[PDB]
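Here the structure comes first, spelled out in structure tokens, and everything after it is commentary.
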Amino acid sequence: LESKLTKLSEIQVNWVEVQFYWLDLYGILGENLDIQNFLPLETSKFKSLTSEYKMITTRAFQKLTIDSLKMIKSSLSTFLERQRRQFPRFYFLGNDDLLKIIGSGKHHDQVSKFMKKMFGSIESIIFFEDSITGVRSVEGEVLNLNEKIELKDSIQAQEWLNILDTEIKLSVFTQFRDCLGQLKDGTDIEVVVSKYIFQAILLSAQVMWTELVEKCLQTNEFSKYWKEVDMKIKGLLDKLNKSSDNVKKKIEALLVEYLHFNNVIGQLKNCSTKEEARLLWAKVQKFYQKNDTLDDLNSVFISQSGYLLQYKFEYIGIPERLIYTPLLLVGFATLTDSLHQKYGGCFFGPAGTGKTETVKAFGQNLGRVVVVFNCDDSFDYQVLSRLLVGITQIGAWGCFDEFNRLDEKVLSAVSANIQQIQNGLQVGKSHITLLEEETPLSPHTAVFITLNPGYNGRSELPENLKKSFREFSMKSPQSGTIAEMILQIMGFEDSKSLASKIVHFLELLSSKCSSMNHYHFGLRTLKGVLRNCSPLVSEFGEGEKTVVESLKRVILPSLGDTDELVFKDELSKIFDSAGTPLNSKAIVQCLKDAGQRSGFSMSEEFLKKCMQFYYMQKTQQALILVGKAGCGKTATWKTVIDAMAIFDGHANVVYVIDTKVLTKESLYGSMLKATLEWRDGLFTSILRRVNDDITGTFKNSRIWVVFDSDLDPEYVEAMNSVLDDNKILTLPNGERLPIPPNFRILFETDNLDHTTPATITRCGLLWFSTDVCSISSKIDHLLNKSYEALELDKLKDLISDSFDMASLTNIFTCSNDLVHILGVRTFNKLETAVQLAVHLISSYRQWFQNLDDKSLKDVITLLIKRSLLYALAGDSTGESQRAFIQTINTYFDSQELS
Amino acid sequence: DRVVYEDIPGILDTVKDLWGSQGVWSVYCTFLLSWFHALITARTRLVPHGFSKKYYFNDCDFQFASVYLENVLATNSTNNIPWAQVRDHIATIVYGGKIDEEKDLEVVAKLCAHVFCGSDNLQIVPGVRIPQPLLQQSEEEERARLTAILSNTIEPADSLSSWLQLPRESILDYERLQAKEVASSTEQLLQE
Amino acid sequence: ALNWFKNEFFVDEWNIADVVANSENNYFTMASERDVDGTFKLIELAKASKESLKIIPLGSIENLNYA
Ligand SMILES: Nc1ncnc2c1ncn2[C@@H]1O[C@H](COP(=O)(O)OP(=O)(O)OP(=O)(O)O)[C@@H](O)[C@H]1O
Ligand SMILES: Nc1ncnc2c1ncn2[C@@H]1O[C@H](COP(=O)(O)OP(=O)(O)O)[C@@H](O)[C@H]1O
Ligand SMILES: [Mg+2]
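Protein chains in written order, with PDB author numbering: chain B, 1433 to 1494, 1510 to 2237, 2245 to 2346, 2349 to 2354; chain D, 3893 to 3914, 3922 to 4091; chain R, 3759 to 3825.
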């Protein structure tokens, strides 16, 4: 009754979906009062659907309803748009999530799950007997609100969401104010860092630093404050090793900021006169504070090179702070210069140079999270303008990542909208008119674009659009400062020399290797090396061994034949020693068990590739597998998946998707232009299914998505916000689907000629220089697989004995010189030979109970000869087939095959 | 009706156009800025030697430099004008934002150091000498004085070489190639 | 020597303001090479002549209907 069970499961799933839709309909119209009078025809249709659902429920207790609900879903679009206009942050949600959040009449718990989508840095909401106590950040930090907010039973979602939005700003300001007062009282930051949230401590420390630096500039002494900041840094580094995880993150971020403070003070100390000292002080970012402001939230303003910007006091949690390179400071300066006249800050340069992260760091320094969009050809004028009117109402800063990917027509069409937004911001217009709909304009909004010019399949910005932005170039980032500061944060003893050695070794590997199209060794690989070295400190310590092990595990699997020898020579030359490799006994045993149960044979190269893949994926989230056709990529990752399932016990689900078989509209999605609803694609559907977690097992299971096709750029840089550390999928309709930590993406391809650097650096690449399996091992495994697909033991033994290694290898080497149409390597054709021979023996086994051993062996040898002929020289002419049958006759007591 | 829009070739004509488009120190700073913009736009044309590639400086850069200059003059009103700070901001942020290479950044910094040097006996070009403003003059008188000292300037035949401070070989090569192209085209057109 | 002919023979030059002010045509077509624009020139001319420009870029069907 498997078919009956499947039908029952499908009916149960459909009934669950219909029940959820009916619950949403009851929440939006059937439960709330003074809400059916907005649309009378829709109210009557909802009443009829309610009557039909009640009749169906009574019949079940004693498809048409779902179809009716889907049909009346079109009539709810105007109400959903009005609801979005009520609370501006709802523009980052789809229609289904909007119904879910508006149908929560009294449960008030589905709102908490969406806080990452609406806000960006808030995960859940703390509840205490029907009262919100505070909001919880993504990184585990707990914020307690200034005062508790009571919830009414008949209250609406958007009103209490707005008062929570204002209460968060008020609470963050209160924590900043009393933290700054405590630091003004003369206490040390070591006792404050375990009391308040990270943002308040950071802002108070920056204000204190700029006040003390200006006081020191009123004189000409700098040594005392430099020594004091050095002692504070040493104390924070001492406190780092003896604290919990949240305090560890907070102390790491404050140590980054204090290292920047010490760098600025040291640069100011090395001045010769006072004019250059004042110039250098004006070049860096300052955090002043109003002294006579009657409004609390506008009491902190940021000054840099004479321009002033307002602090928004929005909760950001504990983000991954960035190392303040001089290029980053100049980028902040030009961003402030652009935003002084409400223009759009623009960054152009090669990939992996720190553009989107620089914009995000600027936003975090301005105390607001920056929503990032991933532009694509499917972003037509209506979708992009809807995103713009979504970000104008909220006031959040929009960073249109990969702005070149837009179609040129959309680029020219949105110029009027961008100019209108800029003019409304500059002239102080209360309302603007986009899409024939007057909308409010929050004065805090801004737009940024980060484009990567000079690439294949990328459009060019028209000059009438480029005049509304301010291009800044970041071709050359400072890897040395980033490496030094991060390694000092981690706790390495000799940070400066180790970072200089790392950077010099990276440049040596970039400049002294075979120039192939995927050897990209910029900043992303260095960041990956440091992130992989972070777990290694537990079992290798802070030293050279951790660095060389991380360099191996990150860089080595993406190298060829001579390049890995060059890398090993450089590693021995530039570093003092190479550490003892990991024991890795358990993972090797699990891999060998998985290969034994999968029929593969563990050679040296295949086991090396599997171990490299495992150690690469342990930190990296998205991987690209590159090699020849029929090299063993699928076998490698399937075997490693089975090994992981054996070792950890977590169940694995694999969702193999072929990229080029499907169009983009069927892969990610497509806006239905008939009446503007979002139809899910396939990858988006998988992501939403794993995010919602109806089944309840994806929390304790790994999810692997394989893109088993070529890397078409038009398909791959639609995911640039997914591959990088953003870990969100920015849909056209504003839906921000996050990427869970157990969601990994594998790319299975053969060539990288048409791909772009924007996706090679984002993934840990794995290169297959040659085949992972020998000929004889592959033949043995194929024979075992064909036998498993089915006296018999004696027949199998004699068949395996007939495949003599020397004769078979001689025949395979002799077959290479023939002229082949539709050229295939003889490695790939062995599957046909094995399957054909096994099927012929299986077909002729019915008369094998009454034959002598010699005759049986001769017949089986003849069938094997025929199968080898027709699977090796099958695509050749008659003369070549005659030459090959003569050759196989010579190279094998065997029965003659003519 | 058809109109083709192109940048003005003459340096002096560019200065006159930017002056006609537009505290006495604000007028002095915008005059020096107009001269700097004209010089850098003239140097932009020479691709092998003036820069490393083809750049495009438009009115937005001039507007931002003017706004930054008036903001620095307004805020730093103690008459001690931070010329080094203005030089760094203009050569790095405003006019140096679009610059991708490093040699072009160096030549922009050199041009800004020559133009915005902040010396009383300022000599931006071998012909025109601009004295700094006095503290006892009016805005209209200042504008009249600057227009008068701009009117008396005569552009020499080697303005593409002598005014931009460049060796004559590159200018001679570029002008020779352009003259050869236009003369060959008009020779082909004149016969028929 | 190249522009000596223009300097000597011709004693008049026409800019955008003159060609706009001295043309019977109600439609003008403006052209330039890539990565340069003269929209600010037309905005300045409209401001000096005390008129209103409706800047409408092309490329999309909604903007075409508005045009
Ligand atoms: N270590 C091994 N032991 C036994 N068989 C192996 C081994 N490695 C690879 N093979 C065999 O190699 C054959 C081809 O490899 P595989 O199926 O993994 O290709 P692939 O990476 O998916 O290639 P492509 O996607 O380019 O077609 C398979 O039939 C597999 O059984
Ligand atoms: N202090 C830093 N400065 C610059 N970049 C950094 C720093 N720390 C980390 N990075 C890395 O820089 C990368 C920025 O990516 P980016 O090049 O902006 O992407 P895109 O080109 O798509 O905008 C991040 O992946 C991050 O790992
Ligand atoms: Mg980016």
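The beta carbon of each residue, even a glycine, is placed where N, CA and C say it ideally should be.
Query - Residue-chain proximity (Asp3958/D, chain R), Cβ-Cβ < 8 Å - result: Residue mapping note: residue 3958/D aligns to position 59 of the second sequence, counting from 1. It does; some Cβ of chain R falls within 8 Å.
Report task. With 9 Å as the C-beta to C-beta threshold (strictly closer), list the residues of the region 1761-1782 of chain B near chain D in chain order. Result -> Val1777, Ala1780 and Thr1781
Query raised in the report: Closest by CA to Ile2071/B, which one among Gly2046/B, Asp2197/B and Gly2181/B?
Result: Position 624 of the first sequence, counting from 1, holds the residue named residue 2071/B. Taking only the C-alpha atoms, the option nearest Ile2071/B is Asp2197/B.
**Report entry** Span of the alpha helix (DSSP H), counted from its first residue to its last, around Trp2125/B
**Finding:** The residue labelled residue 2125/B in the question sits at position 678 within the first sequence. From DSSP, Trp2125/B is part of no alpha helix (DSSP H) but of the beta strand (DSSP E) over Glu2124 to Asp2127.
**Report entry** Spatial distance of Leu1881/B from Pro1535/B (CA atoms)
**Finding:** Translated into positions along the first sequence, residue 1881/B becomes position 434. Translated into positions along the first sequence, residue 1535/B becomes position 88. Taking the straight line from one Cα to the other gives about 15 Å.
Query - Cross-chain neighbours of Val3769/R in chain D, by beta carbon under 9 Å - result: Position 11 of the third sequence holds residue 3769/R. By Cβ distance, chain D contributes nothing, its closest Cβ being about 16 Å from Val3769/R, past 9 Å.
Report task. Just jot down, in chain order, the residues whose CB lies closer than 7 Å to any heavy atom of ligand 2. Result -> Around ligand 2, the residues selected by a Cβ distance under 7 Å to any of its heavy atoms are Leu1769/B, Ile1770/B, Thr1772/B, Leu1775/B, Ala1798/B, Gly1799/B, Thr1800/B, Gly1801/B, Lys1802/B, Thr1803/B, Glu1804/B, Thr1805/B, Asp1848/B, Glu1849/B, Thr1897/B, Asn1899/B, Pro1924/B, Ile1929/B, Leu1970/B, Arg1971/B, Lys1974/B, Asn2167/B, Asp2171/B, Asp2172/B and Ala2205/B, following chain order.
Report task. Assign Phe1847/B to one of three DSSP states: helix, strand, or coil. Result -> Within the first sequence, residue 1847/B is the residue found at index 400, counting from 1. Looking at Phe1847/B - three-state DSSP - the assignment turns out to be strand.
Query raised in the report: Can you find a heavy atom of ligand 1 that lies under 7 Å from the Cβ of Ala1893/B?
Result: Taking the first sequence and counting its residues from 1, one reaches residue 1893/B at position 446. No, the Cβ of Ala1893/B stays beyond 7 Å of every heavy atom of ligand 1.
Query raised in the report: Say the cut is 7 Å; is the CB of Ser2216/B nearer than that to a heavy atom of ligand 1?
Result: Counting from one through the first sequence, the residue named residue 2216/B turns up at place 769. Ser2216/B: no, Cβ never under 7 Å from ligand 1.
**Report entry** CB contact below 8 Å: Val4081/D versus chain R
**Finding:** Mapped onto the second sequence, residue 4081/D falls at position 182. Output row for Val4081/D: interface = yes.
Query raised in the report: Going along chain B, which residues have a C-beta under 7 Å from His3988/D?
Result: What you label residue 3988/D is simply residue 89 of the second sequence in a count that begins at 1. Those are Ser1752, listed as they occur along chain B.
Query raised in the report: In chain order, what residues of the same chain lie with their CB nearer than 8 Å to the CB of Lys2146/B, ignoring the 5 residues before and after it?
Result: Stepping through the first sequence from its first residue, residue 2146/B is reached at position 699. If the five residues before and after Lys2146/B are omitted, its C-beta is found closer than 8 Å to the C-beta atoms of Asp2140, all from its own chain and listed in chain order.
Query raised in the report: Which residues, in order along the region 1814-1848 of chain B, keep a beta-carbon less than 8 Å from a beta-carbon of chain R?
Result: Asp1827, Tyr1828 and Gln1829
Query raised in the report: Which whole runs of the beta strand (DSSP E) in the region 2192-2222 of chain B are 3 residues long or more, in chain order?
Result: 2211-2215
Query raised in the report: When you compare only the Cα positions, how much space is there between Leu1776/B and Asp2155/B?
Result: Walking along the first sequence from the start, residue 1776/B turns up at place 329. Walking along the first sequence from the start, residue 2155/B turns up at place 708. Their backbone Cα atoms lie some 42 Å apart in a straight line.
Requested in this report: List the endpoints of the continuous alpha helix (DSSP H) containing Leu2184/B.
Outcome: Taking the first sequence and counting its residues from 1, one reaches residue 2184/B at position 737. Unbroken run through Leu2184/B is the beta strand (DSSP E), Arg2183 to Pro2185; no alpha helix (DSSP H).
Requested in this report: May I ask whether a heavy atom of ligand 1 can be found less than 7 Å away from the beta carbon of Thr2202/B?
Outcome: Mapped onto the first sequence, residue 2202/B falls at position 755. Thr2202/B: no, Cβ never under 7 Å from ligand 1.
Report task. Check whether the Cβ of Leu3816/R lies closer than 8 Å to any Cβ atom in chain D. Result -> For this step, residue 3816/R is matched to residue 58 along the third sequence. It does not; no Cβ of chain D falls within 8 Å.
Query raised in the report: Heavy atom of ligand 1 less than 7 Å from the Cβ of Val4007/D, yes or no?
Result: Start at 1 with the first residue of the second sequence, and residue 4007/D comes out as number 108. Flag unset: Cβ of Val4007/D not near ligand 1.
Query raised in the report: Considering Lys1733/B, what are the terminal residues of the alpha helix (DSSP H) in which it resides?
Result: Numbered from its first residue, the first sequence carries residue 1733/B at position 286. Premise fails: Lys1733/B lies in the beta strand (DSSP E), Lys1733 to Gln1736, not in any alpha helix (DSSP H).
**Report entry** Integer-rounded CB distance, given that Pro2004/B should sit under 8 Å from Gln2059/B
**Finding:** By 1-based counting over the first sequence, the position of residue 2059/B is 612. By 1-based counting over the first sequence, the position of residue 2004/B is 557. Sure, about 4 Å apart at Cβ, within 8 Å.
Query raised in the report: Can the beta-carbon of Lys1679/B be found less than 8 Å from the beta-carbon of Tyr1705/B?
Result: Taking the first residue of the first sequence as position 1, residue 1679/B is located at position 232. Taking the first residue of the first sequence as position 1, residue 1705/B is located at position 258. Their beta carbons are under 8 Å apart, which means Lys1679/B touches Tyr1705/B by this criterion.
**Report entry** Whole-angstrom distance between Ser1997/B and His2097/B, CA atom to CA atom
**Finding:** The residue labelled residue 2097/B in the question sits at position 650 within the first sequence. The residue labelled residue 1997/B in the question sits at position 550 within the first sequence. Cα-Cα distance, rounded: 26 Å.
Requested in this report: Measure the CB-CB distance between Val1582/B and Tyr1758/B and report whether it falls below 8 Å.
Outcome: Looking up residue 1582/B in the first sequence gives position 135. Looking up residue 1758/B in the first sequence gives position 311. The answer is no: Cβ separation not under 8 Å.
Query raised in the report: So which residues of chain B does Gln3984/D contact, with C-beta pairs closer than 9 Å?
Result: Stepping through the second sequence from its first residue, residue 3984/D is reached at position 85. The contacting residues are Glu1722, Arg1725, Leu1726, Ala1729, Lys1730, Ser1752 and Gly1753.
Query raised in the report: Measuring from the CB of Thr2081/B, is there a heavy atom of ligand 1 at a distance below 7 Å?
Result: Numbered from its first residue, the first sequence carries residue 2081/B at position 634. In this structure, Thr2081/B has its CB closer than 7 Å to one or more heavy atoms of ligand 1.
Requested in this report: With DSSP collapsed to three states, give me the class of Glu1597/B.
Outcome: Indexing the first sequence from 1 puts residue 1597/B at position 150. Correct three-state label for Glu1597/B: strand.
Requested in this report: Quick one: grab the DSSP three-state call for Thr1897/B.
Outcome: Position 450 of the first sequence, counting from 1, holds the residue named residue 1897/B. Correct three-state label for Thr1897/B: strand.
Query - Of the residues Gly3995/D, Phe3935/D, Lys4009/D and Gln4031/D, the one placed nearest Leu3904/D, counting alpha carbons only - result: As a working note, residue 3904/D is residue 12 in the second sequence. Minimum Cα distance to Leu3904/D is reached at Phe3935/D.
Query raised in the report: Under the rule that 16 or more other beta-carbon atoms within 10 Å means buried, what is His1878/B, buried or exposed?
Result: Walking along the first sequence from the start, residue 1878/B turns up at place 431. Label assigned to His1878/B: exposed.
Query raised in the report: Is DSSP giving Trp2151/B helix, strand or coil here?
Result: Taking the first sequence and counting its residues from 1, one reaches residue 2151/B at position 704. Correct three-state label for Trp2151/B: strand.
Requested in this report: May I ask whether a heavy atom of ligand 1 can be found less than 7 Å away from the beta carbon of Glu2285/B?
Outcome: Here the question's residue 2285/B lines up with position 831 in the first sequence. For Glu2285/B, the shortest separation between its Cβ and any heavy atom of ligand 1 lies below 7 Å.
Query raised in the report: Bridge partners of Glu1884/B, per DSSP?
Result: As a working note, residue 1884/B is residue 437 in the first sequence. Under DSSP, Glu1884/B forms a beta bridge with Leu1881/B.
Requested in this report: Rounded to whole angstroms, what's the CA-CA distance from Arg2320/B to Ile2342/B? Just pull it up for me.
Outcome: Position 866 of the first sequence, counted from the start, is the residue given in the question as residue 2320/B. Position 888 of the first sequence, counted from the start, is the residue given in the question as residue 2342/B. Cα to Cα, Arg2320/B sits roughly 9 Å from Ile2342/B.
Query raised in the report: For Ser1515/B, which option in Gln1494/B, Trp1454/B, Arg1531/B and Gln1468/B has the closest C-alpha, if you only look at C-alpha atoms?
Result: Taking the first sequence and counting its residues from 1, one reaches residue 1515/B at position 68. Among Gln1494/B, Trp1454/B, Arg1531/B and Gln1468/B, the Cα nearest to that of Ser1515/B belongs to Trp1454/B.
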